[PDB]
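Input: a single structure, listed below in structure tokens.
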Amino acid sequence: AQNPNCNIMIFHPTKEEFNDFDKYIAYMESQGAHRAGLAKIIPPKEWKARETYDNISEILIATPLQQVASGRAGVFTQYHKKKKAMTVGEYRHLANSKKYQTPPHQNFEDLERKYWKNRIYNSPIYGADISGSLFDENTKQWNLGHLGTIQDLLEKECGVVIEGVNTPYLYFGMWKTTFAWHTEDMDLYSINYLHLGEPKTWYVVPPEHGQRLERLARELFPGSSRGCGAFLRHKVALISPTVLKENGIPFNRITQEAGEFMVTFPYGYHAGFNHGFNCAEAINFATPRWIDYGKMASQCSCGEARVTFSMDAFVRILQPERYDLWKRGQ
Ligand SMILES: [NH3+]NC(=O)Cc1nn[nH]n1
Ligand SMILES: [Cl-]
Ligand code: NA
Ligand code: NI
Ligand SMILES: [Zn+2]
């Protein structure tokens, strides 16, 4: 068995290997990459996403979200307070202001330590989930707005035609902006490209061990757990690497830099934080290997997790016994 310790693998496809997206995801899985829950893909040197990021400042962040924490430094929740609209240029200026700017630090490890020591004491502002794309239309390889749709994948695998659309999202980050522990909707894959700016640090639990994380989360966030049997889908809980190690939870970490792709695999729980001003693009995707995961994915039916219209068909077809209850939650 490949990658039995579930390490995060890093891949360097050639330009030729970068042509067929689906083929390369299957190749990475052949090497055991999926066992980790996350892989890094460094594009060939001949590749670029777009020509320059000089002209992005006018993009609107309609609802920037202030991420306010509650709890203790290693075990906290965050809630998203809505703020007034601003442009990407205005956001960038805010991110670089003394109130929000990355502190002086020695290296990624020193910054990580600062993050987990001091995150709760600040409330950074995040531009998330903005439908759009920064790939140029002429970029033919690894263009996150041109990948095979999940709807077509379901059709191809199981023979039925469903409604829905699958488009990418943009994210504008700043120091301390945080993504809580989660798997994707319906335990889909995700792919994430860091277009510009400062790094993003990732934590990930191997899929084969995702229930260990769930069990610790239920222990650490007892009220939330009583509220919903799939509360991690609310995307608000944070647990530090120190606390994960104290509790014996298998996990790995890696830092993504601008120009790099990260793929998350089905049922790979992940969390992390941005180092400073950045912009990323991401989208969920499927492969034939996902179908089994989709059929088995937990769902949140308490109301809190609210999701895209596209989800409906995936629950309806893959999880008919659960559909009525999930729909009520919606
Ligand atoms: N799937 N990708 C992630 O969860 C990464 C992310 N970064 N900001 N919000 N989420
Ligand atoms: Cl700090
Ligand atoms: Na490890
Ligand atoms: Ni994710
Ligand atoms: Zn819920």
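By order in the structure tokens, chains are A, B, ...; within a chain, residues start at 1; ligands start at 1, following the order shown.
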
Give me the range 137-205 of chain A side of the contact with range 267-271 of chain A, cut-off 10 Å, one line per residue showing its nearest atom pair and distance in Å at one decimal, counting only C-alpha atoms, sorted by chain and residue number, as a tab-separated table.
residue	atom	partner	partner_atom	distance
A:178	CA	A:271	CA	7.6
A:179	CA	A:271	CA	5.2
A:180	CA	A:271	CA	4.9
A:181	CA	A:271	CA	4.5
A:182	CA	A:269	CA	5.0
A:183	CA	A:269	CA	4.7
A:184	CA	A:267	CA	7.3
A:185	CA	A:267	CA	9.5
A:186	CA	A:267	CA	8.7
A:187	CA	A:267	CA	5.0
A:188	CA	A:267	CA	7.4
A:189	CA	A:267	CA	8.2
A:190	CA	A:268	CA	9.9
A:201	CA	A:271	CA	8.5
A:202	CA	A:271	CA	5.9
A:203	CA	A:271	CA	5.3
A:204	CA	A:270	CA	4.3
A:205	CA	A:269	CA	5.3

Could you list, as a PyMOL selection string, all protein and nucleic acid residues with an atom at most 7 Å from ligand 2, counting only C-alpha atoms and all ligand atoms? chain A and resi 103+114-115+118-119

Give the strand (DSSP E or B) residues of range 40-260 of chain A, as DSSP finds them on the backbone, and put them as a ChimeraX atom specification. /A:40-41,60-61,65-72,75-82,86-87,125-131,169-173,178-182,189-197,200-205,237-239,252-256

Could you take the residues named above and write them with C-alpha atoms, as a PDB file, in the first residue's frame?
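Wrote it out as result-v2.pdb, contents follow:
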ATOM      1  CA  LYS A  40       0.417  20.012  -2.954  1.00  0.00           C
ATOM      2  CA  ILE A  41       0.874  20.471  -6.725  1.00  0.00           C
ATOM      3  CA  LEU A  60     -16.043  43.905  -4.916  1.00  0.00           C
ATOM      4  CA  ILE A  61     -16.149  42.099  -1.623  1.00  0.00           C
ATOM      5  CA  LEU A  65     -16.800  38.834   7.356  1.00  0.00           C
ATOM      6  CA  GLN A  66     -15.167  39.690  10.691  1.00  0.00           C
ATOM      7  CA  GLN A  67     -14.116  36.437  12.379  1.00  0.00           C
ATOM      8  CA  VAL A  68     -14.759  36.789  16.119  1.00  0.00           C
ATOM      9  CA  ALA A  69     -13.455  34.062  18.416  1.00  0.00           C
ATOM     10  CA  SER A  70     -14.708  32.565  21.672  1.00  0.00           C
ATOM     11  CA  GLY A  71     -13.026  30.062  23.860  1.00  0.00           C
ATOM     12  CA  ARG A  72      -9.393  29.339  24.707  1.00  0.00           C
ATOM     13  CA  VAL A  75      -9.901  25.342  21.421  1.00  0.00           C
ATOM     14  CA  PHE A  76     -12.219  28.041  20.110  1.00  0.00           C
ATOM     15  CA  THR A  77     -15.133  28.819  17.848  1.00  0.00           C
ATOM     16  CA  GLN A  78     -15.525  31.700  15.527  1.00  0.00           C
ATOM     17  CA  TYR A  79     -18.572  33.497  14.260  1.00  0.00           C
ATOM     18  CA  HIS A  80     -18.770  35.717  11.131  1.00  0.00           C
ATOM     19  CA  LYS A  81     -19.957  39.256  11.689  1.00  0.00           C
ATOM     20  CA  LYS A  82     -21.017  40.946   8.497  1.00  0.00           C
ATOM     21  CA  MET A  86     -15.386  47.145   0.076  1.00  0.00           C
ATOM     22  CA  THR A  87     -13.312  46.722  -2.957  1.00  0.00           C
ATOM     23  CA  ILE A 125     -11.766  40.379   8.304  1.00  0.00           C
ATOM     24  CA  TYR A 126     -12.062  37.776   5.463  1.00  0.00           C
ATOM     25  CA  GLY A 127     -13.554  38.115   1.928  1.00  0.00           C
ATOM     26  CA  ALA A 128     -14.873  34.672   1.301  1.00  0.00           C
ATOM     27  CA  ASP A 129     -16.934  32.726  -1.064  1.00  0.00           C
ATOM     28  CA  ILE A 130     -17.045  35.386  -3.801  1.00  0.00           C
ATOM     29  CA  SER A 131     -18.259  33.676  -7.032  1.00  0.00           C
ATOM     30  CA  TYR A 169     -15.010  31.036  -5.623  1.00  0.00           C
ATOM     31  CA  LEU A 170     -12.497  33.728  -4.713  1.00  0.00           C
ATOM     32  CA  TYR A 171     -11.137  34.381  -1.257  1.00  0.00           C
ATOM     33  CA  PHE A 172      -9.309  37.504  -0.084  1.00  0.00           C
ATOM     34  CA  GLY A 173      -7.437  36.949   3.183  1.00  0.00           C
ATOM     35  CA  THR A 178      -9.037  31.296   9.601  1.00  0.00           C
ATOM     36  CA  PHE A 179     -10.735  28.300   8.040  1.00  0.00           C
ATOM     37  CA  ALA A 180     -12.309  26.019  10.644  1.00  0.00           C
ATOM     38  CA  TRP A 181     -12.092  22.229  10.714  1.00  0.00           C
ATOM     39  CA  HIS A 182     -14.267  20.690   8.015  1.00  0.00           C
ATOM     40  CA  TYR A 189     -12.716  16.972  -3.311  1.00  0.00           C
ATOM     41  CA  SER A 190     -11.542  20.549  -3.343  1.00  0.00           C
ATOM     42  CA  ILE A 191      -8.885  22.303  -5.291  1.00  0.00           C
ATOM     43  CA  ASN A 192      -7.330  25.604  -4.182  1.00  0.00           C
ATOM     44  CA  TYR A 193      -4.990  27.854  -6.051  1.00  0.00           C
ATOM     45  CA  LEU A 194      -3.099  30.652  -4.230  1.00  0.00           C
ATOM     46  CA  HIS A 195      -3.079  33.370  -6.862  1.00  0.00           C
ATOM     47  CA  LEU A 196      -1.253  36.193  -5.014  1.00  0.00           C
ATOM     48  CA  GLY A 197       0.234  37.252  -1.751  1.00  0.00           C
ATOM     49  CA  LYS A 200      -1.737  29.831   3.753  1.00  0.00           C
ATOM     50  CA  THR A 201      -0.917  27.171   6.380  1.00  0.00           C
ATOM     51  CA  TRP A 202      -3.009  23.951   6.282  1.00  0.00           C
ATOM     52  CA  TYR A 203      -3.702  21.225   8.813  1.00  0.00           C
ATOM     53  CA  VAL A 204      -5.244  17.939   7.671  1.00  0.00           C
ATOM     54  CA  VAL A 205      -6.381  14.658   9.151  1.00  0.00           C
ATOM     55  CA  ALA A 237     -14.626  25.023  15.337  1.00  0.00           C
ATOM     56  CA  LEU A 238     -10.851  25.335  15.762  1.00  0.00           C
ATOM     57  CA  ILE A 239      -8.515  22.920  17.522  1.00  0.00           C
ATOM     58  CA  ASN A 252      -0.155  16.764   9.150  1.00  0.00           C
ATOM     59  CA  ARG A 253       0.639  20.385   8.287  1.00  0.00           C
ATOM     60  CA  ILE A 254       2.001  22.241   5.252  1.00  0.00           C
ATOM     61  CA  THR A 255       2.294  25.785   4.044  1.00  0.00           C
ATOM     62  CA  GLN A 256       1.021  26.753   0.574  1.00  0.00           C
TER      63      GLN A 256
END

What are the closest atom pairs, with distances in Å to one decimal, for each residue of chain A lying within 12 Å of ligand 3, using only C-alpha atoms and all ligand atoms, rows by chain and rising residue number, as a tab-separated table?
residue	atom	partner	partner_atom_place_in_ligand_line	distance
A:3	CA	ligand 3	1 (Na)	10.9
A:4	CA	ligand 3	1 (Na)	10.5
A:5	CA	ligand 3	1 (Na)	6.7
A:6	CA	ligand 3	1 (Na)	6.9
A:7	CA	ligand 3	1 (Na)	5.8
A:8	CA	ligand 3	1 (Na)	8.3
A:9	CA	ligand 3	1 (Na)	11.3
A:35	CA	ligand 3	1 (Na)	11.3
A:36	CA	ligand 3	1 (Na)	8.8
A:37	CA	ligand 3	1 (Na)	11.8
A:203	CA	ligand 3	1 (Na)	10.9
A:204	CA	ligand 3	1 (Na)	10.0
A:205	CA	ligand 3	1 (Na)	9.4
A:206	CA	ligand 3	1 (Na)	9.5
A:241	CA	ligand 3	1 (Na)	11.7
A:244	CA	ligand 3	1 (Na)	12.0
A:245	CA	ligand 3	1 (Na)	10.6
A:248	CA	ligand 3	1 (Na)	11.3
A:249	CA	ligand 3	1 (Na)	10.1
A:250	CA	ligand 3	1 (Na)	6.8
A:251	CA	ligand 3	1 (Na)	6.0
A:252	CA	ligand 3	1 (Na)	5.2
A:253	CA	ligand 3	1 (Na)	8.3
A:254	CA	ligand 3	1 (Na)	10.9

Got time to write the residues from that selection, N, CA and C atoms, as a CSV table (one decimal), in the first residue's frame?
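Heads up, here's the output in again-v9.csv:
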chain,number,residue,atom,x,y,z
A,3,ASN,N,2.0,5.1,0.5
A,3,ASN,CA,1.9,6.2,1.5
A,3,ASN,C,1.2,5.7,2.8
A,4,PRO,N,1.6,4.6,3.4
A,4,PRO,CA,0.9,4.0,4.5
A,4,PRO,C,1.0,5.0,5.7
A,5,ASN,N,1.9,5.8,5.9
A,5,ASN,CA,1.9,6.8,7.0
A,5,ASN,C,1.1,8.1,6.7
A,6,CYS,N,0.5,8.1,5.6
A,6,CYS,CA,-0.5,9.2,5.2
A,6,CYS,C,0.2,10.5,5.2
A,7,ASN,N,1.4,10.7,4.7
A,7,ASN,CA,2.2,12.0,4.6
A,7,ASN,C,1.6,12.8,3.5
A,8,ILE,N,1.6,14.1,3.7
A,8,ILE,CA,1.3,15.0,2.6
A,8,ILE,C,2.4,14.9,1.5
A,9,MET,N,2.0,14.6,0.3
A,9,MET,CA,2.8,14.5,-0.8
A,9,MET,C,2.8,15.7,-1.6
A,35,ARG,N,-4.3,9.4,0.9
A,35,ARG,CA,-4.3,8.9,2.3
A,35,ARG,C,-4.0,10.0,3.3
A,36,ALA,N,-3.4,11.1,2.9
A,36,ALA,CA,-3.1,12.2,3.7
A,36,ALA,C,-4.3,13.2,3.9
A,37,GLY,N,-5.2,13.1,2.9
A,37,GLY,CA,-6.2,14.1,2.9
A,37,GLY,C,-6.0,15.3,2.1
A,203,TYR,N,-3.7,22.4,8.0
A,203,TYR,CA,-3.7,21.2,8.8
A,203,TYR,C,-4.7,20.2,8.2
A,204,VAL,N,-4.4,19.0,8.3
A,204,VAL,CA,-5.2,17.9,7.7
A,204,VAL,C,-5.2,16.6,8.4
A,205,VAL,N,-6.3,16.0,8.6
A,205,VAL,CA,-6.4,14.7,9.2
A,205,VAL,C,-6.6,13.7,8.0
A,206,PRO,N,-5.9,12.5,8.0
A,206,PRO,CA,-6.1,11.5,7.0
A,206,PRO,C,-7.5,11.0,6.9
A,241,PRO,N,-2.8,22.5,16.7
A,241,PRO,CA,-2.0,21.3,16.6
A,241,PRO,C,-1.5,20.8,18.0
A,244,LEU,N,-4.4,18.8,19.3
A,244,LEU,CA,-4.5,17.5,18.5
A,244,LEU,C,-3.4,16.5,19.0
A,245,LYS,N,-2.2,17.0,19.1
A,245,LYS,CA,-1.1,16.1,19.6
A,245,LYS,C,-1.3,15.5,21.1
A,248,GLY,N,-3.8,12.6,20.7
A,248,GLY,CA,-3.4,11.6,19.8
A,248,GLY,C,-4.0,11.5,18.5
A,249,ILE,N,-4.4,12.7,18.0
A,249,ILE,CA,-5.1,12.7,16.7
A,249,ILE,C,-4.1,12.8,15.6
A,250,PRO,N,-4.1,11.8,14.6
A,250,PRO,CA,-3.2,11.8,13.5
A,250,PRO,C,-3.5,13.1,12.6
A,251,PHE,N,-2.5,13.8,12.3
A,251,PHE,CA,-2.7,15.0,11.4
A,251,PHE,C,-1.3,15.4,10.8
A,252,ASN,N,-1.3,16.2,9.8
A,252,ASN,CA,-0.2,16.8,9.2
A,252,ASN,C,-0.4,18.2,8.9
A,253,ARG,N,0.7,19.0,8.6
A,253,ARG,CA,0.6,20.4,8.3
A,253,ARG,C,1.5,20.7,7.1
A,254,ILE,N,1.2,21.8,6.4
A,254,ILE,CA,2.0,22.2,5.3
A,254,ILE,C,1.6,23.6,5.0

Spatial neighbours of residue 42 in chain A, 8 Å, only C-alpha atoms, chain gap at least 6 places, as an NGL selection string: :A and (10-13 or 259-261)

Based on the selection just made, write N, CA and C atoms of those residues as a CSV table (one decimal), in the first residue's frame.
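Saved as again00.csv:
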chain,number,residue,atom,x,y,z
A,10,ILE,N,3.9,16.0,-2.3
A,10,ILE,CA,4.1,17.2,-3.2
A,10,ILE,C,4.5,16.7,-4.5
A,11,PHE,N,3.8,17.2,-5.5
A,11,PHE,CA,4.0,16.8,-6.9
A,11,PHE,C,4.5,17.9,-7.9
A,12,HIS,N,5.3,17.5,-8.8
A,12,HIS,CA,5.9,18.4,-9.7
A,12,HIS,C,5.6,18.0,-11.2
A,13,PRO,N,4.3,18.0,-11.6
A,13,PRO,CA,4.0,17.6,-13.0
A,13,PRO,C,4.8,18.4,-14.0
A,259,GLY,N,1.2,30.7,-6.2
A,259,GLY,CA,1.5,29.9,-7.4
A,259,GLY,C,1.4,28.4,-7.2
A,260,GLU,N,0.9,27.9,-6.1
A,260,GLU,CA,0.8,26.5,-5.8
A,260,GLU,C,-0.7,26.2,-5.6
A,261,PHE,N,-1.0,24.9,-6.0
A,261,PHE,CA,-2.3,24.3,-5.9
A,261,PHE,C,-2.2,23.4,-4.7

With a distance cut-off of 10 Å and only C-alpha atoms, select the neighbouring residues of residue 227 in chain A, excluding the residue or stretch itself and same-chain residues fewer than 5 positions from it, and output the selection as a PDB file with N, CA and C atoms, in the first residue's frame.
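In the end it all went to part20.pdb:
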ATOM      1  N   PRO A 222     -19.022  20.411  23.531  1.00  0.00           N
ATOM      2  CA  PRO A 222     -20.180  19.595  23.922  1.00  0.00           C
ATOM      3  C   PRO A 222     -21.573  20.148  23.628  1.00  0.00           C
ATOM      4  N   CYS A 302     -29.767  20.546  11.073  1.00  0.00           N
ATOM      5  CA  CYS A 302     -30.253  21.428  12.134  1.00  0.00           C
ATOM      6  C   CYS A 302     -30.552  22.821  11.704  1.00  0.00           C
ATOM      7  N   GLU A 304     -28.298  25.239  10.715  1.00  0.00           N
ATOM      8  CA  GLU A 304     -27.120  26.054  10.707  1.00  0.00           C
ATOM      9  C   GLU A 304     -26.364  26.030   9.393  1.00  0.00           C
TER      10      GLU A 304
END

Produce as a list in words the set of residues near ligand 5, where near means within 9 Å with only C-alpha atoms and all ligand atoms considered.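 Using only C-alpha atoms and all ligand atoms, everything at most 9 Å from ligand 5 comes to residues 224, 225, 227, 228, 229, 230, 231, 232, 233, 234, 299, 300, 301, 302, 303, 304, 305, 306 and 329 of chain A.
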
Could you dump the residues just selected with C-alpha atoms as a CSV table (one decimal), in the first residue's frame?
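The new file result.csv reads:
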chain,number,residue,atom,x,y,z
A,224,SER,CA,-22.5,22.2,19.8
A,225,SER,CA,-22.4,18.5,19.5
A,227,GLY,CA,-27.2,20.7,18.9
A,228,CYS,CA,-26.1,18.8,15.7
A,229,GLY,CA,-24.7,15.5,15.0
A,230,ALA,CA,-22.6,17.0,12.2
A,231,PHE,CA,-21.7,20.3,13.7
A,232,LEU,CA,-18.3,20.4,12.1
A,233,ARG,CA,-20.3,21.2,8.9
A,234,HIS,CA,-21.1,24.5,10.5
A,299,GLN,CA,-25.3,15.7,6.9
A,300,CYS,CA,-26.3,18.6,8.9
A,301,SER,CA,-30.1,18.9,9.2
A,302,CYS,CA,-30.3,21.4,12.1
A,303,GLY,CA,-30.4,24.5,10.0
A,304,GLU,CA,-27.1,26.1,10.7
A,305,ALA,CA,-25.3,24.7,7.7
A,306,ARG,CA,-27.0,26.4,4.7
A,329,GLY,CA,-33.0,21.7,7.5

Restricting the calculation to only C-alpha atoms: of A:38, A:291, A:317, A:111, which residue gets closest to residue 153 in chain A?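 Under the stated criterion, the closest residue is A:291.
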
Residue set, range 96-265 of chain A restricted to helix (DSSP H, G or I), as a PyMOL selection string: chain A and resi 108-121+150-158+185-187+207-220+222-227+231-234+241-246

Pick from A:246, A:152, A:90, A:219 nearest to residue 58 in chain A, counting only C-alpha atoms: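 Among the listed residues, the smallest separation from residue 58 in chain A belongs to A:90.
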
Go ahead and compute the interatomic distance for CA of residue 274 in chain A and CA of residue 216 in chain A, in Å to one decimal. 24.5 Å
